[PDB]
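Everything on this sheet refers to the single structure shown next.
Residue numbers (this note's numbering), protein chains in the order written: chain A, 74 to 122; chain B, 33 to 80.
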């Protein structure tokens, strides 16, 4: 069983391509399709109450 | 028939015993056959 495991792992092996993405929450929320809003302003307001 | 007065024969025979049979000897009987064929290999991801 272990030998079969190792065979499967090595034969189907695929060094997947690596990608890094940077996301800004302010830009993300400010650019929402349904509810686009200022993130910082809502933050400060919710802080006030 | 040249016997005695009471039927006893005057000449005797022989048994002529056989040779007897022979034992049968078992020999190594072989039929040469090869090994399995080489299939083409794949290539891994690690180093030697």
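Heads up, the beta-carbon is just placed ideally off N, CA and C, and yes, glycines get one too.
Contacts that residue i makes with chain B (C-beta to C-beta distance below 7 angstroms)
i: residue 85/A; result: In chain order: nothing, as chain B lies at least about 10 angstroms away.
Residue(s) in a DSSP beta bridge with residue i
i: residue 41/B; result: 35/B
Run of the alpha helix (DSSP H) containing residue i, from where it starts to where it stops
i: residue 101/A; result: 98-103
i: residue 70/B; result: Counting along the chain, residue 70/B falls outside any alpha helix (DSSP H), and DSSP gives it neither H nor E.
i: residue 79/A; result: 75-84
i: residue 119/A; result: 112-121
Residues that residue i contacts on chain A, provided the C-beta gap is smaller than 7 angstroms
i: residue 77/B; result: 86 and 88
i: residue 74/B; result: 84
Residue of the options minimising C-alpha distance to residue i
i: residue 76/B; options: 108/A, 109/A, 117/A and 85/A; result: 85/A
i: residue 74/B; options: 77/A, 117/A, 78/A and 83/A; result: 83/A
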